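What follows is one chain in structure tokens, specifically the form deposited in one PDB entry.
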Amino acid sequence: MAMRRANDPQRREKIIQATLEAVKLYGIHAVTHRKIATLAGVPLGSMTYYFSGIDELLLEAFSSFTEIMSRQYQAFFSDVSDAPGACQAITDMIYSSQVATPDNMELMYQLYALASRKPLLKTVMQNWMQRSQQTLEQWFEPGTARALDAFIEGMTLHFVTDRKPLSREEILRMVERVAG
């Protein structure tokens, strides 16, 4: 019954992309095998034999999403070779508004919303934090690294939200305060 399943990579990848698509269309609370399968263009009967339940599918789909986010994250530090340059890169990450996009926000904050109800989704967030931490720890002590990532978490959102957000100058100064 482990050997009943076939694990097709084409079907799998379609189901994963349709899952993210379903989250956008319906909200994370409302996604189901049925909705996903319809978006995916696969038989509903198929779904059970790739992912046992909705949480495991959600896990795979969001893991795909945070993988992409982490590549973008690391890419901001491509030219960093000291602490002040690291601070500049973090300022870029916040000021560029390329992380906190409408599309990215819609997906990540739905992940965050449901993660206290769904342990697999909390695991996704925990893995994602650890990757960001490991990136920052190239240039910062672990406590400072965690402080910066929390600052980035908050400031990327607030920057695109506030009626009157901070200047890049203000952002760089605050980042430099946190770096110590």
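Each residue number is its position in the shown sequence, starting from 1.
Heads up, the form deposited in another entry isn't pictured, but that's what we're talking about next.
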Specify which of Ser63, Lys24, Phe159, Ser81 corresponds to the hinge in the chain, comparing the rigid parts between the shown form and the other one. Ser63
What happens to the Cα distance from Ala100 to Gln133 in the other form: does it get closer or farther than here, with a change of 3 angstroms or more? farther
Your call: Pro102 and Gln133 CA atoms, closer or farther in the other form versus the shown structure, by 3 Å or more? closer
